[PDB]
S.K.: 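Here's a structure for you.
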2 protein chains.
Amino acid sequence: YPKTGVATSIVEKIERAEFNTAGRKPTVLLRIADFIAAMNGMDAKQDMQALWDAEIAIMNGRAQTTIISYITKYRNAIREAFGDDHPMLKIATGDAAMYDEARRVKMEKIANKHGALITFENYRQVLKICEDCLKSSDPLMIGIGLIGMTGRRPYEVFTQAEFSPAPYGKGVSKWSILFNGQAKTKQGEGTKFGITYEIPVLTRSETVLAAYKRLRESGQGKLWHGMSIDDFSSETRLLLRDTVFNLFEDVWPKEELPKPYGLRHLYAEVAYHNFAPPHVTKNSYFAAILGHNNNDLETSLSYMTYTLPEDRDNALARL
Amino acid sequence: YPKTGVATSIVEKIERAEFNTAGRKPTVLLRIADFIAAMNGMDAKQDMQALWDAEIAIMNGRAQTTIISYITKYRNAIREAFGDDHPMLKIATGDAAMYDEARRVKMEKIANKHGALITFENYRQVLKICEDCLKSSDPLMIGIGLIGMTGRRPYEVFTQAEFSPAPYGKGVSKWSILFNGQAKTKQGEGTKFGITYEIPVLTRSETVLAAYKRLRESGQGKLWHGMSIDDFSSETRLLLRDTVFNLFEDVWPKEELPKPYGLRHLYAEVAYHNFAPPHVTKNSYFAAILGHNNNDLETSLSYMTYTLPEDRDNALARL
DNA sequence: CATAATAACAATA
DNA sequence: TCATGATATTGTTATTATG
DNA sequence: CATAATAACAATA
DNA sequence: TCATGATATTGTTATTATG
């Protein structure tokens with residue numbers, strides 16, 4: 001197995017921070033860089049164990065989700081520098097109790113939300129705002145409009161979505177399109193990786209499909225295209241966050257702050273309410289429109305957080 | 001650790017089959033009996049491994065679910081004969097790939113049902129039959145009535161349910177009762193083991209609570225009380241199956257045979273439709289009324305197989 | 001001259 | 001189902017003994 | 001004399 | 001989220017350099 005190599009992506013990010021005008025030092029990227037270099041020439045399992053144990057010691061005071069996230073970075077560096085069959089990958093992982101506890105915490109939150117859904121009272125107003133955004137000249141605003149109307153992830157809308165018209169028999173479908181460029185698949189066998197599938201939209205098909213060409217053909221739109229997740233996060237995340245805060249501040253449900261992924265949840269909740277055939281369940285429909293892995297009905301649970309005021313009203317009428 | 005002991009329950013079942021008038025020989029119970037005895041005095045891990053490997057060889061041609069079920073019997077015998085800390089329990093288990101494949105098969109079936117729900121057209125008729133059963137003099141029929149009206153498992157209805165009136169403020173609740181005696185909990189920490197919780201009923205509270213006293217105070221009803229699962233299965237399973245087949249043959253949905261657990265599914269589907277507050281999801285409500293483990297929303301997925309004709313009709317009306 | 005009884009066999013939650 | 005490696009339930013059919 | 005920028009820090013699906 | 005031991009996304013805040 002290889003005992004020499006370099007995590008190119010980490011080094012390049014460090015070298016760019018060399019001549020920055022302001023901001024934190026890349027202390028974490030640095031530790032990963034040094035960690036990888038100290039591994040060059042290492043062939044003893046007990047040596048590799050001592051090196052990892054040291055990094056783990058530093059991370060001590062961090063939150064559990066943080067350490068879990070930080071472990072992924074080290075692991076991805078090792079794969080980049082040494083490949084997938086390096087013995088370090090058996091050592092540099094979280095403990096089993098760490099992942100078991102994270103899973104437990106995760107499900108507890110989802111379970112708490114399923115028992116206390118938030119009534120999205122002004123949801124039609126939120127949808128209207130999103131619709132108006134589709135006609136904005138700021139391609140950022142156009143993207144936000146598309147998130148609400150297509151339910152696609154921000155990274156998908158801005159960097160890699162392929163929106164095409166869906167056939168309806170011999171005509172073109174009015175309340176659905178075709179989408180390609182599903183993110184997060186990890187290239188799984190039963191995923192939507194590289195697969196074009198049909199999705200519902202919350203406004204006219206022609207309106208959505210035209211607003212996306214304006215997004216694609218704009219200036220910022222061509223910078224965005226094909227971008228890595230890290231570049232997108234650094235270029236657009238904080239501005240999109242602030243923009244979404246402001247657009248929705250007064251109409252979004254008081255229980256929570258307005259958030260980009262709030263639009264993805266709402267999209268599912270509204271699209272089920274409007275388009276779901278009677279022979280499918282909510283879990284199955286959610287999984288279908290959100291592009292989830294084959295036979296997975298569990299991920300859908302995460303997205304169920306809202307209740308439409310119309311459904312609320314008559315569940316209160318069923319005495 | 002103990003190296004001597006006997007699985008009493010297995011021996012007793014074999015000794016009873018000694019003077020039977022008809023029926024199969026207990027070949028499986030016999031192998032388990034011999035297996036346990038051959039273990040007396042064994043202290044070598046390689047010996048224990050060879051003994052298990054032989055039992056596994058016999059089971060070869062059986063179905064996967066069968067072998068998994070048969071492994072539980074051997075494992076329970078070992079625990080009964082030698083206790084929970086016997087090294088055989090590390091050896092006598094299915095392979096990891098066996099359980100992974102069973103899980104996969106399990107979810108695939110649930111996923112197929114969520115995408116092709118059965119319309120329970122004559123569900124009100126089924127509920128009426130169940131209601132009429134509550135007034136039958138055959139305590140078997142009364143039990144069937146209670147399954148449909150309370151959604152409790154057959155083993156719970158017949159052997160160990162404790163039905164009590166639920167308070168509504170200062171009065172007594174009309175469409176709910178209190179239930180104790182949840183089965184299958186494996187005495188888990190977050191389960192309903194030994195816990196009395198409130199459940200909805202599909203007919204008047206007074207009607208259900210009176211039909212159960214007639215069940216309890218009957219003759220067959222006192223034989224049933226406190227019974228083990230194996231005795232219940234042998235005493236009542238095949239008769240209840242046949243009785244349920246006949247009662248519902250012509251009104252039950254054509255897609256499937258009428259089955260006792262069909263009433264438990266229907267109970268959930270009908271009780272959500274009628275009594276569920278608007279701030280809870282279907283998964284959460286199902287989990288609550290069916291008595292599931294804390295924070296578990298995944299088990300509910302199993303019970304979602306039907307769609308009410310009333311919901312079907314207007315999901316077809318939402319164009 | 002065949003059918004009730006039993007436990008194996010199997011699947012579901 | 002509780003737990004995430006399995007168990008406890010429910011559901012189906014091949015054997016057996018028997019005037 | 002303080003605020004824009006950056007990556008750490010963190011959480012969600 | 002895909003897989004069931006983790007990764008790839010989204011979301012929040014402490015540091016830093018700077019006339």
Side-chain angles (χ1 to χ4, degrees), chain A residues 13 17 20-29 62-72 75-76 93-94 96 98-100 102-103 106 109-110 153-155 183-191 229 232-234 237-238 240-241 257 259-261 264 290 292-293 296 298-299 301-303, chain B residues 13 17 20-29 62-72 75-76 93-94 96 98-100 102-103 106 109-110 153-155 183-191 229 232-234 237-238 240-241 257 259-261 264 290 292-293 296 298-299 301-303:
Chain A
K13 289 187 196 195
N20 280 349
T21 283
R24 275 177 173 265
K25 303 300 184 182
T27 44
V28 172
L29 300 178
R62 298 313 101 209
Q64 288 295 301
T65 60
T66 298
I67 298 180
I68 288 176
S69 299
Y70 280 7
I71 287 177
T72 299
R75 291 180 60 80
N76 281 343
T93 184
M98 194 173 69
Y99 297 125
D100 284 341
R103 179 162 63 203
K106 184 187 65 175
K109 288 164 180 173
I110 296 175
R153 310 175 166 118
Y155 180 64
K184 291 177 63 179
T185 65
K186 286 171 286 228
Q187 305 193 17
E189 265 195 18
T191 71
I229 182 52
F232 173 76
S233 287
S234 63
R237 185 78 64 208
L238 278 303
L240 165 63
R241 168 171 182 263
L257 292 171
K259 249 115 82 248
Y261 249 22
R264 186 162 159 96
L290 294 177
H292 296 165
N293 187 45
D296 180 13
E298 199 195 326
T299 307
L301 301 177
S302 286
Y303 288 101
Chain B
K13 289 187 196 195
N20 280 349
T21 283
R24 275 177 173 265
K25 303 300 184 182
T27 44
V28 172
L29 300 178
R62 298 313 101 209
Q64 288 295 301
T65 60
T66 298
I67 298 180
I68 288 176
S69 299
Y70 280 7
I71 287 177
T72 299
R75 291 180 60 80
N76 281 343
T93 184
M98 194 173 69
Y99 297 125
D100 284 341
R103 179 162 63 203
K106 184 187 65 175
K109 288 164 180 173
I110 296 175
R153 310 175 166 118
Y155 180 64
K184 291 177 63 179
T185 65
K186 286 171 286 228
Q187 305 193 17
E189 265 195 18
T191 71
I229 182 52
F232 173 76
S233 287
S234 63
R237 185 78 64 208
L238 278 303
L240 165 63
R241 168 171 182 263
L257 292 171
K259 249 115 82 248
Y261 249 22
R264 186 162 159 96
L290 294 177
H292 296 165
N293 187 45
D296 180 13
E298 199 195 326
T299 307
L301 301 177
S302 286
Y303 288 101

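First the proteins, then the strands, lettered A, B, ... as listed; each starts at 1. Only this structure's heavy atoms are used, side chains among them; waters, hydrogens and symmetry mates stay out.
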S.K.: Describe the nucleic acid contact of B:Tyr70 in one word from base, sugar-phosphate, nothing, applying a heavy-atom distance below 4.0 Å.
M.R.: base

S.K.: Between C:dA13, F:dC2, C:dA7, spot the one nearest the side chain of B:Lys106, thanks.
M.R.: C:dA13

S.K.: What is the nucleic acid contact for B:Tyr155, judged by heavy atoms within less than 4.0 Å: base, sugar-phosphate only, or nothing?
M.R.: sugar-phosphate

S.K.: Can you tell me which stems DNA chain F forms, taking runs of 3 or more consecutive Watson-Crick or G-U pairs with both distances under 3.5 Å?
M.R.: E:1-13 with F:7-19

S.K.: Specify the separation, in whole Å, of atom CD1 of B:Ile67 and atom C1' of C:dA11.
M.R.: 14 Å

S.K.: Over all strands shown, is B:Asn76 touching base, sugar-phosphate only, or nothing at heavy-atom distances under 4.0 angstrom?
M.R.: sugar-phosphate

S.K.: Counting heavy atoms from C-beta on, name the nucleotide in D:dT9, E:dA10, D:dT7 closest to the side chain of B:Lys186.
M.R.: D:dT7

S.K.: The side chain of A:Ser233 lies closest to which of these nucleotides: F:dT10, F:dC2, D:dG5?
M.R.: F:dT10

S.K.: Quick check: on DNA chain D, is the nucleotide nearest B:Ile110 upstream (toward 5') of the one nearest B:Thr93, or the reverse? Name the residue that is more 5'.
M.R.: B:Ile110

S.K.: Can you find a side chain N or O atom of A:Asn20 that sits less than 4.0 Å from OP1 or OP2 on E:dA5?
M.R.: no

S.K.: Atom CE of B:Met98 and atom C1' of D:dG5: how far apart are they, to the nearest Å?
M.R.: 10 Å

S.K.: Rounded to whole angstrom units, what separation is found between the NE2 atom of A:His292 and the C1' atom of F:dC2?
M.R.: 10 Å

S.K.: Give one of base, sugar-phosphate or nothing for B:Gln64, where a contact means two heavy atoms less than 4.0 Å apart.
M.R.: nothing

S.K.: Looking only at heavy atoms, what is the nearest atom pair of A:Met98 and A:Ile68, with distance?
M.R.: CE-CG1, 3.6 Å

S.K.: Write down the distance separating the P atoms in D:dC2 and F:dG5, rounded off to the nearest Å.
M.R.: 22 Å

S.K.: Side chains of B:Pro154 and B:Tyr261: does their closest heavy-atom pair fall under 4.5 Å?
M.R.: yes

S.K.: Sequence neighbours left out, what passes side chain to side chain contact (heavy atoms under 4.5 Å, CB included) with B:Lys109? Give chain and number order.
M.R.: B:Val105, B:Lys113

S.K.: Quick check: closest heavy atoms across A:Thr191 and A:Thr185, and the distance to 0.1 Å?
M.R.: OG1-CB, 3.4 Å

S.K.: Does A:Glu298 contact F:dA3 through a side-chain donor or acceptor facing the base, at a distance under 3.5 Å?
M.R.: yes

S.K.: Report the nucleotide, chosen from E:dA8, D:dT4, E:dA7, that has the shortest atom-to-atom distance to any side-chain atom of A:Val28.
M.R.: E:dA8

S.K.: In Å and rounded to the nearest 0.5 Å, what is the CD1 to OH distance from A:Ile67 to A:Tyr70?
M.R.: 9.5 Å

S.K.: Is any side-chain nitrogen or oxygen of A:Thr66 closer than 4.0 Å to OP1 or OP2 of E:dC9?
M.R.: no

S.K.: Calculate the interatomic distance between A:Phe232 atom CZ and F:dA8 atom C1'; express it in whole Å.
M.R.: 13 Å

S.K.: Nearest to the B:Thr299 side chain among C:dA8, D:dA8, D:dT1, which nucleotide is it?
M.R.: D:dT1

S.K.: With the side chain of A:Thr65 defined as its heavy atoms from C-beta on, choose the nearest nucleotide among E:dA11, C:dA11, C:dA8.
M.R.: E:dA11

S.K.: Atom OG of A:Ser69 and atom CZ of A:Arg62: how far apart are they, to the nearest 0.5 Å?
M.R.: 13.0 Å

S.K.: Return the nearest nucleotide to the side chain of B:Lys109; candidates are C:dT12, C:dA7, D:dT10.
M.R.: C:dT12

S.K.: Given F:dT9, E:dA7, E:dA8, which nucleotide is nearest the side-chain atoms of A:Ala17?
M.R.: E:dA7

S.K.: What string of B, S and - do you get for nucleotides 11-16 of chain F, 5' to 3', when a contact is any protein heavy atom under 4.0 Å?
M.R.: SSBBBB

S.K.: Return the nearest nucleotide to the side chain of B:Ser69; candidates are E:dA10, C:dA11, C:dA13.
M.R.: C:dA11

S.K.: Could you tell me how far apart B:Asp296 (CG) and D:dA3 (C1') are, to the nearest whole angstrom?
M.R.: 9 Å

S.K.: When all nucleic acid strands are considered with a 4.0 Å heavy-atom cut-off, which category describes B:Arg103: base, sugar-phosphate, or nothing?
M.R.: base

S.K.: Please state how far atom CZ in B:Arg153 lies from atom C1' in D:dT1, giving the value in whole angstrom units.
M.R.: 7 Å

S.K.: Need one value for A:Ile68: base, sugar-phosphate or nothing, where a base atom within 4.0 Å counts as base even if backbone is also close, heavy atoms only.
M.R.: base

